[PDB]
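Asks: Take this structure, written in structure tokens, and hold onto it; I'll ask about it next.
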Amino acid sequence: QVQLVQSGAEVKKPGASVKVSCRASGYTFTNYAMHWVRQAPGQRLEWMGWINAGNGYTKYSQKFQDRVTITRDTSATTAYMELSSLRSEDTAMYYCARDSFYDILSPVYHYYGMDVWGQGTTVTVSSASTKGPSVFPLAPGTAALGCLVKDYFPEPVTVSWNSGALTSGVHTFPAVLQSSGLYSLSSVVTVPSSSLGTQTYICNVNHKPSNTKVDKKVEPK
Amino acid sequence: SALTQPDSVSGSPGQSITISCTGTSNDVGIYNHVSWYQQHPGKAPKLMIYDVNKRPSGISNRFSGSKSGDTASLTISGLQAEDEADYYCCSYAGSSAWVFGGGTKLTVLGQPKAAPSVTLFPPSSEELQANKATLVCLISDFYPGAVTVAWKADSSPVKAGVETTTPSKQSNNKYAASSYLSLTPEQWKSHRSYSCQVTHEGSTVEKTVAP
Amino acid sequence: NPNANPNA
């Protein structure tokens, strides 16, 4: 079908550069234009610039003119956006969106509209460095136990219980961003109180950015 | 500088609302290249109206657009719960440039509310033996997605060391959040108790832990 | 409704 697929999440230091890609498929690539739009967390959409997929001509936003480069590769039907000298406030979700293109021979009624959008790419700019998590147990009719996944960077962290064999009553919460620049999250499982002495409960925390995996046994206090 | 939209608009099911988008004589007032976009939290925007008043294929006729002078307007008839989203206007600005509006958040009233469930854990002994202490307050199954968290030592408010997440949708149509209080082991053992107080729609749920 | 696409 008609779709735009963007590259994965990026984690960069202040002053670095980042290059996000946007692969098109399902339509004639060189017949359209492609915008790049970004959105800070909780903020509005902001136009960065666009490119004609055919002749490659570009126009950038006056706020980004000095730092953004938008290119395209017709042989791969992919558009690219490079943002240089990154800073903290460049942390945002970045979208690519298709729009109309009219050539010279086009008298036609010119209409526009960002009709197809990519899924978005998160870019995180921070002076923090990669760090594995410290996992602490949260000891408990019904009873609640869990794990605390503290002080890790960057995202993401995956959590399962008993190697995935336990899904009932499990609730894993999105991470908080601490003032230190590190993340912390917690996972909960509600279990029968009758089982606290018989059944073993282990939370499996996986942080692939640091190649660390921790299986923390949570025991009654 | 951007296009001026109202920050929020509210309406009940069946009602009709209108979202304004005020520009200048260099964008909205001159060109018909005016579009409207609907965005649900965490998802990509979706074209709803283009060329001032035209709808793409499949878009319901409940959505309509118009323009008068420098102000474009988006009207949503027969408001439904699924229309709750952020709505953005966008206009051509000349010289091959485009500008977005500030964004408007549309809330649909009359939806059933749900009080939050709260679970509070004290610092683990392993963390205390590492000379650190963290209280974790976990909040789930509330709607709408807006809570305020306040912490208290015994009965005195404490603001230093509090980190709270934004609410996020669960697998059902409820929201979840969490709040963390970082403190030294001496502070934890100093007081008789600590409490996490979650306020939602004027009512509060409080849980307490003690050393 | 002018042509808005960028040029060289």
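Residue numbers (the entry's author numbering), protein chains in the order written: chain D, 1 to 52, 52A, 53 to 82, 82A to 82C, 83 to 100, 100A to 100B, 100D to 100K, 101 to 126, 134 to 214; chain C, 2 to 9, 11 to 27, 27A to 27C, 28 to 95, 95A, 96 to 106, 106A, 107 to 208; chain E, 1 to 8.
The C-beta atom is built at its ideal place from N, Cα and C for all residues, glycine as well.
For a contact defined as C-beta to C-beta under 9 Å, what are the partners of residue 27A/C on chain E?
Replies: By Cβ distance, chain E contributes nothing, its closest Cβ being about 13 Å from residue 27A/C, past 9 Å.
Asks: What does residue 33/D reach in chain E if we use C-beta pairs closer than 7 Å?
Replies: Within chain E, the residues near residue 33/D are 5.
Asks: So for residue 181/C, helix, strand or coil by DSSP?
Replies: If DSSP states are grouped into helix, strand and coil, residue 181/C belongs with coil.
Asks: By the 10 Å Cβ neighbour count, where 16 or more other Cβ atoms means buried, how is residue 2/D classified, buried or exposed?
Replies: It is exposed - the Cβ of residue 2/D has fewer than 16 other Cβ atoms within 10 Å.
Asks: Quick one: residues in its chain with C-beta nearer than 6 Å to the C-beta of residue 68/D, no 5 flanking neighbours on either side, listed in chain order?
Replies: Same-chain partners within the cutoff: 81.
Asks: Where does residue 202/D sit, in a helix, a strand or coil, going by DSSP?
Replies: It is helical.
Asks: Would you mind sorting residue 189/C into buried or exposed? The rule is 16 or more other CB atoms within 10 Å of its CB.
Replies: It is exposed - the Cβ of residue 189/C has fewer than 16 other Cβ atoms within 10 Å.
Asks: Which residues in the same chain as residue 146/D place their Cβ atom closer than 8 Å to its Cβ, once the five residues preceding and following it in sequence are excluded?
Replies: Cβ within range, chain order: 112, 114, 115, 116, 117, 174, 175, 176, 202.
Asks: Ignore the nearest five residues each way along the sequence and tell me which others in residue 26/C's own chain have a CB closer than 8 Å to its CB.
Replies: Closer than 8 Å at Cβ, skipping near neighbours: 69.
Asks: What in chain D is Cβ-close to residue 100/C, meaning under 7 Å?
Replies: Near residue 100/C (Cβ distances below 7 Å), the residues of chain D are 44.
Asks: Using the C-alpha atoms, what's the distance from residue 96/D back to residue 172/C?
Replies: Their Cα atoms are separated by approximately 38 Å.
Asks: Take residue 40/D as the anchor and find which of 171/D, 28/D, 84/D, 100/D has the nearest alpha-carbon.
Replies: It is 84/D whose Cα lies nearest to the Cα of residue 40/D.
Asks: I believe residue 78/C touches residue 106/C by the beta-carbon criterion, under 8 Å. Please report the beta-carbon distance rounded to the nearest angstrom.
Replies: With a Cβ gap of about 6 Å, residue 78/C and residue 106/C count as contacting.
Asks: Quick check on DSSP: helix, strand or coil for residue 8/E?
Replies: Residue 8/E falls in the coil class under three-state DSSP.
Asks: Between the alpha carbons of residue 211/D and residue 91/D, how many angstroms are there, rounded?
Replies: Answer to the nearest angstrom: the Cα atoms are 41 Å apart.
Asks: Could you spell out where the beta strand (DSSP E) holding residue 6/D opens and where it closes?
Replies: Counting along the chain, the beta strand (DSSP E) containing residue 6/D begins and ends at 3 to 6.
Asks: Output needed in chain order: residues of the stretch 32 to 55 of chain C with a Cβ under 9 Å from some Cβ in chain E.
Replies: Here the close residues are 32, 50.
Asks: Starting from the beta carbon of residue 67/C, find every residue of chain E whose beta carbon is closer than 9 Å, and list them in chain order.
Replies: Result: empty, since nearest Cβ-Cβ is about 18 Å, beyond 9 Å.
Asks: Would you grab the beta carbon distance between residue 213/D and residue 189/D for me? Rounded to a whole angstrom, and I think it's under 8 Å.
Replies: Indeed they touch by this definition, with Cβ atoms about 5 Å apart.
Asks: Per DSSP, what are the beta-bridge partners of residue 150/C in this structure?
Replies: 153/C, 191/C, per the DSSP bridge assignment.
Asks: Among 17/D, 138/D, 100H/D, which one has its Cα closest to the Cα of residue 193/D?
Replies: Looking at the Cα atoms, 138/D is the closest of the given residues.
Asks: Report yes if the CB atom of residue 160/D is closer than 8 Å to the CB atom of residue 180/D, and no otherwise.
Replies: No, the pair does not count as a contact, with Cβ atoms beyond the cut-off.
Asks: Quick one, which residues of the stretch 3 to 29 of chain D are near chain C if we go by CB-CB under 7 Å, in chain order?
Replies: Result list empty, no residue passes.
Asks: Using the beta-carbon of each residue, which ones in chain C are nearer than 7 Å to residue 171/D?
Replies: Chain C residues near residue 171/D: 160.
Asks: Thinking C-beta only, is residue 152/D closer than 8 Å to residue 119/D?
Replies: No; because the gap between Cβ atoms is not below 8 Å, this pair is not in contact.
Asks: Thinking just about the alpha-carbon of each residue, which of 124/D, 79/D, 184/D, 168/D is nearest to the one in residue 209/D?
Replies: For the residues 124/D, 79/D, 184/D, 168/D, the minimum Cα distance to residue 209/D belongs to 124/D.
Asks: Residues in its own chain within less than 8 Å of residue 99/D by CB, not counting five upstream and five downstream?
Replies: Within the same chain, residue 99/D has close Cβ partners 53.
Asks: Closest by CA to residue 99/C, which one among 197/C, 22/C, 195/C, 61/C?
Replies: Considering only alpha carbons, the answer is 22/C.
Asks: Going straight from the alpha carbon of residue 157/C to that of residue 3/E, what length do you get?
Replies: Near 56 Å, if we compare the C-alpha coordinates of residue 3/E and residue 157/C.
Asks: Please confirm whether residue 1/E and residue 32/C have their CB atoms less than 8 Å apart.
Replies: For residue 1/E and residue 32/C, yes; Cβs fall inside 8 Å.
Asks: Would you call the stretch 152 to 168 of chain C and the stretch 114 to 129 of chain C touching, i.e. three or more CB-CB distances under 8 Å?
Replies: Segments in contact, no.
Asks: My output table needs one value for residue 139/D: the three-state DSSP class, helix, strand or coil.
Replies: In the structure shown, residue 139/D sits in a strand (DSSP, three-state: E or B).
Asks: Does residue 171/C come out as helix, strand or coil in the three-state DSSP assignment?
Replies: Note: residue 171/C maps to coil in three-state DSSP.
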